Every structure is written in structure tokens, then in C-alpha cells.
């Protein structure tokens, strides 16, 4: 998978080790090798959630497979947990968009995964 977080929380509030923690937690949650996992954190963003500029986050998880009703609930618990714990963002001010990608629609190293 690849995971992206966009947040209005300032850069300094992102803990050293946060990217590594996301990488390892996603490897465990998906059973994928950490070697292929990509993570991306974007702080200091100009955002509102419900018209409020309190801490919030907009996220996405793209994966080839391993996306579904029950799996997505488990990811959401895991990822909101991390965002609460590490960035002090309330879970009800987080959206996570899940994308089940066709392998032919993911390019890597001069080809696709198909």
C-alpha cells in the first residue's frame, strides 16, 4: 500500500519516527513487505473540517487488493488511533479514502504490476 496524510497540524507536532511507524504498522496490518510500502505526511495545511480549523486530517490508502468492508474498518481503527496518539487529532475529524487499485493501473519501475 501507499498511505497519504494531509493535516493542518504543524510540522513540529509530527514526531520523529512517525513515517517509520506508519510503514511498520501498515506492513503488519496488510501482511505486505515494508519494502514496497510508501508513506507521505503533509502538515501545516490550510484545511477546515465542519467549518472548523481545529486539528483534522484527510487521508488516503491505495492498495492492490486487501481492501474491503471489514478490512477497511480495521485500517480505520488503526490509522485514527495513530493520528490521535501521535498528532492529537480527534478520530471524528479524520477522513480516510480507500482505493482498491487494479494492478494494471499501478505503474512502478518502467512497467505496471499487472
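Numbering follows the first chain given and starts at 1.
- Two stretches are in play, 89 to 97 and 15 to 23, and the higher mean C-alpha B-factor belongs to 15 to 23.
- The PDB entry reports B-factors from which the mean C-alpha value can be compared for 39 to 47 and 69 to 77; the larger average falls on 69 to 77.
- Among all modelled residues in its chain, residue 53 ranks in the highest third by Cα B-factor.
- Ranked by C-alpha B-factor against the other modelled residues of its chain, residue 59 falls in the lowest third.
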